[PDB]
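Undergrad: Residue numbers (the deposited numbering), protein chains in the order written: chain A, 894 to 943; chain B, 11 to 50; chain C, 1142 to 1191.
Structure provided below as structure tokens; questions to follow.
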Amino acid sequence: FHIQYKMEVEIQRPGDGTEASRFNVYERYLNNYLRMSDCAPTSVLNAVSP
Amino acid sequence: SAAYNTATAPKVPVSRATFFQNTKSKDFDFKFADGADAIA
Amino acid sequence: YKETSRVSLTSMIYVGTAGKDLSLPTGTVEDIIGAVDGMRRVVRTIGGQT
């Protein structure tokens, strides 16, 4: 099973009046499922989280 | 601070040892040799 | 437990990373017209002694 985590950077420009904006970051790995690592491809316990 | 929070209960305190295995043997202590010289 | 409070009836405008705005309830009236102090008020005497 997959748990989709949202990760976000609240960037508010210092001294600028624009709205504080949330940016989804690192959504290459937080959006795709885990992978059996090639270091230890045998057990699932070695499938390490991004 | 301009954001409205929601009340919640205290959560279970956890450490690393709650989820992850310590892969160090508590029965067999491998010993090491002295030395501070690099040619040695 | 988040303790109960009483609403302060001031401007609740926040301007981002600059924090809370400067609350100017009456603007410039109290600088021109003069301080009011509504807390102490005198009930004028409508009646009297005859």
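Note that beta-carbon positions come from the ideal geometry of N, C-alpha and C, so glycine has one too.
Can you tell me which residues form a DSSP beta bridge with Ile1173(C)?
TA: According to DSSP, which records beta bridges pairwise, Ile1173(C) is partnered with nothing at all.
Undergrad: Closest by CA to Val918(A), which one among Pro934(A), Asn939(A), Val941(A), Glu903(A)?
TA: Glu903(A)
Undergrad: Looking at the C-beta of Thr1158(C), does it have a partner C-beta in chain A at a distance below 8 Å?
TA: yes
Undergrad: So, does the CB of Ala17(B) fall closer than 8 Å to a CB anywhere in chain C?
TA: Taking CB atoms only, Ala17(B) has a neighbour in chain C less than 8 Å away.
Undergrad: Assess contact between the segment 1144-1156 of chain C and the segment 1164-1177 of chain C, defined as three or more Cβ pairs (one per stretch) separated by less than 8 Å. Is contact present?
TA: In short, these stretches touch, since the Cβ pair count reaches three.
Undergrad: Which runs of the alpha helix (DSSP H) at least 4 residues long sit entirely within the segment 1143-1187 of chain C? Give them in chain order.
TA: 1170-1173
Undergrad: According to the Cβ coordinates, are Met900(A) and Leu923(A) closer than 8 Å?
TA: yes
Undergrad: Tell me the rounded alpha-carbon separation between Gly1168(C) and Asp1178(C).
TA: 15 Å
Undergrad: To the nearest whole angstrom, what separates the beta carbons of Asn939(A) and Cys932(A), a pair I think is in contact under 8 Å?
TA: 7 Å
Undergrad: For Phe42(B), would you say it is in contact with chain F, using Cβ-to-Cβ distances shorter than 8 Å as the test?
TA: Chain labels in this structure do not include chain F; the protein chains are A, B and C.
Undergrad: Between which residues of its own chain and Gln897(A) is the CB-CB distance below 8 Å, once the five residues before and five after are set aside?
TA: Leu923, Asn924
Undergrad: For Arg906(A), which of helix, strand or coil comes out of DSSP?
TA: coil
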